[PDB]
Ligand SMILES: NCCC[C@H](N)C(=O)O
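The data below hold one chain only, encoded as structure tokens and taken in the form deposited without ligand ORN.
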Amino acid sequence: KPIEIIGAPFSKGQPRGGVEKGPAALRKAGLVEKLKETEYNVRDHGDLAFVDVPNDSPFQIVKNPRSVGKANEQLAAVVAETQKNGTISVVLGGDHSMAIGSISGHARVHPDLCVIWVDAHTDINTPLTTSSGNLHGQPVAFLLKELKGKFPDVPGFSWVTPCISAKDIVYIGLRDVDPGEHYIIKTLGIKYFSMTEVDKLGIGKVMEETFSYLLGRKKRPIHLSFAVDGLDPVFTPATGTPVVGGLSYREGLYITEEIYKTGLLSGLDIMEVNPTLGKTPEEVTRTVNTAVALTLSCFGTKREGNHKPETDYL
């Protein structure tokens, strides 16, 4: 099976600059070369060139609506393509607004897909509920079918067609949710496991419950939108929106090791990795290194070990 990797030097989804360097940061650390040592076939696509929309005035509160919408449209297009050729799309981020295009492109080829969102945030603010006009904290609002027409049409998101319903998404890691966001996820009855749920059940039982919720009836393609700020900052400090008391480096991997076992992984997102936000070159190393580990785990690497089939090591 195919692994094609995307690259998405974007940063307008939020205020802090540096996230667009992420892709480079992940490749710098040899992400691709390591991925080729796996049982998979790896073809690096390269980094997309995002055309900057001039005079990108704010839409009410929202910032960079046109620039963001145009980048995602461009991403959804590439992702949809590769996915059409039956390959697995690994989108190396910037900010988490690129989820929009990353998932939108995926649902074109596999509309029955499901989404496992590992972030410390729900990122489900409608342009009417954000306190800041930042788009990396709204990806899901533009994707939810139940949220269609609950807010005005944002410039450049005309092409966006709500592709997933409340029933096809599950959050993991939640620890920072606004009043607005919480409302929505309580009203729409979305399935989540906030840190409190991970404490009570154990990452082990949480994976059991999410796999029987999203996969209990029909087996469908799995789209993992992972941000780095889903783990405690003590593991992923080089991020723009760290929140204390997050998933451990161990739970992080466990989540990815259990997803590889389903053989249903179809789309992946390694988002929000910001190099310039590390307080020491070390913190950067740390973050990147665990971002690479999470990835590789998604494609086979187990903590127990790996040996090549048919090779008698004795």
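Residues carry their position along the shown sequence, with the first being 1.
Keep in mind that the form solved in complex with ligand ORN is not shown, yet the notes after this line are about it.
- Proximity to ligand ORN in the bound PDB entry holds for none of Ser11, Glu73 and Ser102, with the criterion being a heavy atom within 4.5 Å.
- Comment: 173-181 is the region of 103-111, 186-194, 207-215, 173-181 lying near ligand ORN in the bound PDB entry, near meaning a non-hydrogen atom within 4.5 Å.
- In the bound PDB entry, at least one heavy atom of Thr241 sits within 4.5 Å of ligand ORN.
- Taking non-hydrogen atoms only, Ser132 approaches ligand ORN to within 4.5 angstroms in the bound PDB entry.
- Under a 4.5 angstroms non-hydrogen atom cutoff, ligand ORN in the bound PDB entry has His121 among its neighbouring residues.
- Although the partner is absent from this view, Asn125 contacts ligand ORN in the bound PDB entry, with a non-hydrogen atom inside 4.5 angstroms.
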